[PDB]
Structures are given as C-alpha cells and as structure tokens.
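Written out below as structure tokens is the structure these notes cover.
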Amino acid sequence: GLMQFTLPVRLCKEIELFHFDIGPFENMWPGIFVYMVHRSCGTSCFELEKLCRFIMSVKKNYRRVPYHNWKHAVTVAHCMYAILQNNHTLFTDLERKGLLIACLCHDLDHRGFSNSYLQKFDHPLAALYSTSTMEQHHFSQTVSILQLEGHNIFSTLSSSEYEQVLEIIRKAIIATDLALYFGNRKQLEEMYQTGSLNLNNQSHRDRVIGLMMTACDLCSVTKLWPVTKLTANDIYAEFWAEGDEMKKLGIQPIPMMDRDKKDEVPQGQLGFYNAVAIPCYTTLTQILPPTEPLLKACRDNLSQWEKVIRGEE
Ligand SMILES: CC(C)(C)c1ncc(Nc2cncnc2)c(C(=O)Nc2cccc(OC(F)(F)F)c2)n1
Ligand SMILES: [Mg+2]
Ligand SMILES: [Zn+2]
C-alpha cells in the first residue's frame, strides 16, 4: 500500500508536461506508467502485483515494428495522463482508470499495416471485423489479457462498474480508428459552436473521450521538433513497408506509402497537420482549455515542416 513509484527529479518534473518524451530506456517505461496511474487514479485503483503482471503481458503482445510498438502505447498513455491531470475535476474515477489502460492497450498486436491493407490482402481479421478492423482486434486482445489468470486489474469493481469500464475502453480503442475521427470532430464542432455540448450527456462524453483518444494517439506531432522529426521516420518506415506490400499485390500504393516518392513527405505532413492534427487539437482546446499546449506544440511543428519545404532545413 505504502510503496509509491518515484522517478528521478528531471522526469518527475517533465512527465507533468504534454511534450514529455519517455526516453530510450525500455526498462523504465512500466514504472513510468505505474507512476502516472498512481498520481492520475490513486495507489488503491489497482493491486500492484496484478497491475505489474497486466503491464508486462501487454508489452509482450506489442510487436517489434518501427512505430506501432510498446513505446507508442506508453507515449499515448502519457498524453492521456497529462490531459487528465490538467482536467482534475472533469472525469469520474472509472474514466481515469479505464482511459490510461485503454491508451496502453489501444494498438495491441499491431503488425504495422492499415485496415486498408488488411482488406486488399484479404486478411482473416478483415472477414471477422468489416470496419475498424485492427481496432476491434486491439479491444479483443485487451479482453484476452484481462482474462489471463491473475491479470484482472478490475476484479474489485462491481459487475456494473466492470461492464461500464470495459465499455469506456471499447469505445476509446474503436475511436483511435482515424476514419471515425473526421465525423466525430465535426459533430463536436457543431455542438460546441451551437452551444448544445453537454458533459452530463453520455453520448457527448463518449464523443469527447473519442477526440481525447485521437489527440493522445497523434501526440508525436506535439513533441519538441527533434522528437517529432525522428518519430516521423519510424511512421514512414511502416508506411513504405505497406507501400512495398501493396506493389506485391499488384497495386500502386498512394504517394504517402511510396518510398520512391520520399520528396513528397514534407508536403504530405502539411496536409496531415492542416486536415487532421490542428483541427483535432483546436476542438480539444475549445472543450478542454488547459490542453492548449498540445495545439501550440502542434502549430510550432507545422511551422518546422513549412521551414523544411522552404529549404531552411
Ligand atoms: C497511424 C495514424 C494514427 C494514422 C497516424 N499517426 C501518426 C501520423 N503522423 C506522425 C507525424 N509525425 C510523427 N509521428 C507520427 C500519421 C500520418 O502522418 N498520417 C498521414 C500523413 C499524410 C497524409 C494523411 O492522410 C490523411 F491526412 F487523410 F490522414 C495521413 N498517421
Ligand atoms: Mg491504432
Ligand atoms: Zn496508436
């Protein structure tokens, strides 16, 4: 009970900031997650023996891919932690429990290929889950691990609290399907502007959690430019591999996934910032004003890509 996780001074201070990088020491990441769980949720939230066994099972079920790896799981969980800590009173106990676990589990068993590639390959998962293919698989993987003997971190919740938390996690993971983000933000924009947004409405909370999940999932665009730029190599490493696999199926991939078209990436990032990233962090700042540093970091990084295209770097 009295066993608190403590980080070195520099991490203890920087972990509270949105632009925190979790560092290259893999063996510190579980402790960084437990630290955030204890401060975000409480030391009572989870049995430490069960939590530690859950964390290491999740880690085992993330693959050795360039981007959709264990580091991403923890990095996304950290963004959620920063949003929850800056929005203390807005979220219930069950939501702070569920969401940190949802983020850690949101890309479980990712092979580094899009829902689109699974469909064109005719992968079994595409037959099992017609839409949001990988995300339904991520939730499936999350339930499987929870049901491993001595892994059920929610055991002390009631039947209805258990069913509520797993429903928060399912919606949260399904919302990381970027295909579902465009309509979710648009609805949230209308609701905010017409002033019909109501956080006591469960359907409206769901949409706001959805947007929070997109913002956490994209948080690599909200880091210091050195972090954002080097993470962008890992992301394009996966895109170009999928491009290669499309060519193998006899399909020219989109320029974004074509390694023969690397020159187009700077402009491709501009579109992504303008079409997805900036809108996402703007709506989020409108609903949750203390999340404004994500929008500011994201705009700084937009400018850095503009500087790449102008040949200044
Ligand atoms: C896996 C998924 C959630 C979809 C994702 N995550 C991070 C991304 N960028 C990133 C940037 N810097 C560092 N780390 C990650 C991109 C991306 O660049 N997506 C992208 C890039 C170009 C065009 C495009 O089309 C779209 F705008 F319609 F989404 C999408 N996509
Ligand atoms: Mg995903
Ligand atoms: Zn992700």
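Residues are referred to by chain and number: the chain letter is A, B, ... according to the order shown in the structure tokens, the number counts from 1 in that chain, and ligands are numbered separately from 1 in the order shown.
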
inquiry  = Could you list, as a list in words, all protein and nucleic acid residues with an atom at most 8 Å from ligand 2, counting only C-alpha atoms and all ligand atoms?
reply    = residues 68, 106, 107, 110, 134, 135, 138, 173, 176, 177 and 217 of chain A

Using the selection just defined, write its residues with C-alpha atoms as a PDB file, in the first residue's frame.
```
ATOM      1  CA  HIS A  68       3.127   0.816 -33.602  1.00  0.00           C
ATOM      2  CA  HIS A 106      -5.103   0.734 -27.995  1.00  0.00           C
ATOM      3  CA  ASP A 107      -2.634  -0.761 -30.586  1.00  0.00           C
ATOM      4  CA  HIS A 110      -0.322  -4.123 -34.453  1.00  0.00           C
ATOM      5  CA  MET A 134      -7.367  -3.565 -36.303  1.00  0.00           C
ATOM      6  CA  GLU A 135      -9.137  -1.531 -33.529  1.00  0.00           C
ATOM      7  CA  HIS A 138      -6.931  -4.327 -30.299  1.00  0.00           C
ATOM      8  CA  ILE A 173      -9.976   1.999 -28.584  1.00  0.00           C
ATOM      9  CA  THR A 176      -8.474   5.508 -32.432  1.00  0.00           C
ATOM     10  CA  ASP A 177      -9.686   4.478 -35.947  1.00  0.00           C
ATOM     11  CA  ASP A 217      -2.798   8.854 -30.476  1.00  0.00           C
TER      12      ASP A 217
END
```

Test item: residues lying within 6 Å of ligand 1 with only C-alpha atoms and all ligand atoms, as a list in words = residues 178, 218, 220, 221, 228, 231, 232, 235, 268, 269, 271, 272, 275 and 276 of chain A

Residues from last step as file, N, CA and C atoms, as a compact mmCIF listing (two decimals), in the first residue's frame:
```txt
# COMPACT_ATOMS: atom_id res chain seq x y z
N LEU A 178 -8.79 6.38 -37.22
CA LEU A 178 -8.75 7.79 -37.68
C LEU A 178 -9.88 8.04 -38.70
N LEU A 218 -2.14 10.92 -31.66
CA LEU A 218 -1.35 11.75 -32.62
C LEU A 218 -0.28 12.57 -31.89
N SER A 220 2.65 12.51 -31.02
CA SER A 220 4.03 12.61 -31.57
C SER A 220 4.22 13.93 -32.34
N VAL A 221 3.12 14.55 -32.84
CA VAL A 221 3.15 15.86 -33.57
C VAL A 221 3.21 17.02 -32.57
N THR A 228 9.58 14.94 -32.79
CA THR A 228 8.54 14.84 -33.84
C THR A 228 9.17 14.37 -35.17
N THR A 231 10.52 10.69 -34.86
CA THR A 231 9.33 9.80 -34.81
C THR A 231 8.68 9.68 -36.19
N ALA A 232 8.70 10.75 -36.98
CA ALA A 232 8.14 10.79 -38.36
C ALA A 232 8.87 9.78 -39.25
N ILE A 235 7.30 6.33 -38.43
CA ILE A 235 5.94 6.24 -39.02
C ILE A 235 6.09 5.93 -40.52
N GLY A 268 3.14 16.26 -47.70
CA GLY A 268 2.24 15.26 -47.09
C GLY A 268 2.01 15.52 -45.61
N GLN A 269 3.04 15.98 -44.89
CA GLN A 269 2.92 16.33 -43.44
C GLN A 269 2.09 17.61 -43.28
N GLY A 271 -0.45 18.70 -45.18
CA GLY A 271 -1.84 18.23 -45.35
C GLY A 271 -2.36 17.59 -44.09
N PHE A 272 -1.54 16.74 -43.47
CA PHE A 272 -1.88 15.95 -42.26
C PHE A 272 -2.08 16.89 -41.06
N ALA A 275 -5.31 19.03 -42.14
CA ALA A 275 -6.54 18.21 -42.31
C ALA A 275 -6.90 17.45 -41.03
N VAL A 276 -5.92 17.05 -40.22
CA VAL A 276 -6.18 16.14 -39.05
C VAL A 276 -5.68 16.78 -37.76
```

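Comparing the minimum interatomic distances between ligand 3 and each of A:214, A:303, A:116, A:85, counting only C-alpha atoms and all ligand atoms, we find that A:214 sits nearest.
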
Using only C-alpha atoms, which residues sit within 8 Å of residue 291 in chain A once same-chain residues fewer than 4 positions away are excluded, as a compact mmCIF listing (two decimals) with C-alpha atoms, in the first residue's frame?
```
# COMPACT_ATOMS: atom_id res chain seq x y z
CA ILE A 83 -4.87 15.71 -20.18
CA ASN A 86 -4.74 19.23 -16.23
CA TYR A 281 -6.14 19.96 -31.01
CA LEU A 284 -9.93 19.79 -27.91
CA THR A 285 -8.67 23.23 -26.67
CA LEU A 295 -2.32 22.92 -30.03
```

remark   = With distances taken over only C-alpha atoms and all ligand atoms, the candidate from A:87, A:4, A:156, A:69 nearest ligand 3 is A:69

message = At a cut-off of 6 Å, using only C-alpha atoms, what residues contact range 113-115 of chain A? Leave out same-chain residues fewer than 2 positions from it and give the result as a PyMOL selection string.
response = chain A and resi 111+117-118+133+242

Create the file for the chosen residues now, containing C-alpha atoms and written as a PDB file, in the first residue's frame.
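The new file part-v3.pdb reads:
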```
ATOM      1  CA  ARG A 111       1.606  -5.599 -37.468  1.00  0.00           C
ATOM      2  CA  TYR A 117      -4.033  -3.211 -46.435  1.00  0.00           C
ATOM      3  CA  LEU A 118      -5.787  -6.000 -44.377  1.00  0.00           C
ATOM      4  CA  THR A 133     -10.621  -3.961 -38.331  1.00  0.00           C
ATOM      5  CA  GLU A 242       2.932  -1.257 -46.534  1.00  0.00           C
TER       6      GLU A 242
END
```

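Proximity to ligand 3 was assessed for A:154, A:18, A:25, A:67 counting only C-alpha atoms and all ligand atoms; the smallest distance is recorded for A:67.
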
request  = Pick out the residues sitting within 12 Å of range 181-196 of chain A, and hand them over as a PyMOL selection string; count only C-alpha atoms, and ignore anything fewer than 3 positions along from it in its own chain.
outcome  = chain A and resi 132+172-178+199-201+203-215+217-218+275-288

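All residues of protein, DNA or RNA that reach within 10 Å of residue 55 in chain A, judged by only C-alpha atoms and not counting those fewer than 2 positions away in the chain, are residues 29, 30, 31, 33, 34, 50, 51, 52, 53, 57, 58, 59, 60, 101, 104, 105, 145 and 151 of chain A.
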
Write a file of the just-selected residues containing N, CA and C atoms, as an mmCIF file, in the first residue's frame.
```cif
data_model
loop_
_atom_site.group_PDB
_atom_site.id
_atom_site.type_symbol
_atom_site.label_atom_id
_atom_site.label_comp_id
_atom_site.auth_asym_id
_atom_site.auth_seq_id
_atom_site.Cartn_x
_atom_site.Cartn_y
_atom_site.Cartn_z
ATOM 1 N N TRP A 29 9.895 2.178 -18.664
ATOM 2 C CA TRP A 29 8.547 2.567 -19.173
ATOM 3 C C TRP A 29 7.427 1.994 -18.300
ATOM 4 N N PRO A 30 7.489 0.717 -17.844
ATOM 5 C CA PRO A 30 6.479 0.167 -16.934
ATOM 6 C C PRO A 30 6.307 0.989 -15.648
ATOM 7 N N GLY A 31 7.424 1.330 -15.009
ATOM 8 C CA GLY A 31 7.470 2.191 -13.814
ATOM 9 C C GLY A 31 6.936 3.586 -14.097
ATOM 10 N N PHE A 33 4.606 4.241 -16.323
ATOM 11 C CA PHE A 33 3.142 4.021 -16.435
ATOM 12 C C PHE A 33 2.529 3.881 -15.044
ATOM 13 N N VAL A 34 3.181 3.132 -14.153
ATOM 14 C CA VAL A 34 2.665 2.870 -12.782
ATOM 15 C C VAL A 34 2.648 4.202 -12.031
ATOM 16 N N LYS A 50 -1.079 -7.434 -9.562
ATOM 17 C CA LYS A 50 -1.945 -7.653 -10.753
ATOM 18 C C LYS A 50 -1.584 -6.644 -11.852
ATOM 19 N N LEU A 51 -1.425 -5.361 -11.503
ATOM 20 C CA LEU A 51 -1.120 -4.273 -12.473
ATOM 21 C C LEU A 51 0.201 -4.583 -13.187
ATOM 22 N N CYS A 52 1.235 -4.935 -12.422
ATOM 23 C CA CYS A 52 2.599 -5.221 -12.946
ATOM 24 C C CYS A 52 2.541 -6.414 -13.902
ATOM 25 N N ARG A 53 1.708 -7.408 -13.600
ATOM 26 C CA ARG A 53 1.574 -8.624 -14.439
ATOM 27 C C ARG A 53 0.786 -8.286 -15.711
ATOM 28 N N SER A 57 2.346 -8.352 -19.733
ATOM 29 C CA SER A 57 1.579 -9.135 -20.737
ATOM 30 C C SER A 57 1.249 -8.259 -21.947
ATOM 31 N N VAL A 58 0.830 -7.011 -21.711
ATOM 32 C CA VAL A 58 0.535 -6.018 -22.786
ATOM 33 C C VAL A 58 1.818 -5.808 -23.603
ATOM 34 N N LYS A 59 2.931 -5.523 -22.922
ATOM 35 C CA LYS A 59 4.259 -5.301 -23.547
ATOM 36 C C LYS A 59 4.601 -6.481 -24.469
ATOM 37 N N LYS A 60 4.439 -7.708 -23.986
ATOM 38 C CA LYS A 60 4.751 -8.944 -24.748
ATOM 39 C C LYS A 60 3.922 -8.994 -26.040
ATOM 40 N N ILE A 101 -5.543 2.723 -19.226
ATOM 41 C CA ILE A 101 -5.443 1.295 -19.644
ATOM 42 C C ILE A 101 -5.824 1.200 -21.126
ATOM 43 N N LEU A 104 -2.802 2.425 -23.275
ATOM 44 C CA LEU A 104 -1.713 1.421 -23.222
ATOM 45 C C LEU A 104 -2.052 0.258 -24.160
ATOM 46 N N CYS A 105 -3.332 -0.112 -24.236
ATOM 47 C CA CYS A 105 -3.813 -1.319 -24.959
ATOM 48 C C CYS A 105 -4.306 -1.000 -26.386
ATOM 49 N N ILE A 145 -6.239 -10.532 -22.427
ATOM 50 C CA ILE A 145 -5.159 -10.323 -21.420
ATOM 51 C C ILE A 145 -5.809 -10.137 -20.045
ATOM 52 N N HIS A 151 -4.511 -11.480 -13.906
ATOM 53 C CA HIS A 151 -4.340 -10.264 -14.748
ATOM 54 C C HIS A 151 -5.521 -9.306 -14.579
#
```

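Each of A:216, A:97, A:128, A:136 was checked against residue 165 in chain A using only C-alpha atoms; the smallest atom-to-atom distance is that of A:97.
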
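Using only C-alpha atoms and all ligand atoms, the shortest contact distance between ligand 3 and any of A:103, A:3, A:84, A:37 is found at A:103.
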
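Counting from CA of residue 153 in chain A, the distance to CA of residue 47 in chain A is 6.6 Å.
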
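With distances restricted to only C-alpha atoms and all ligand atoms, A:109 is the closest residue to ligand 3 from A:163, A:109, A:292, A:300.
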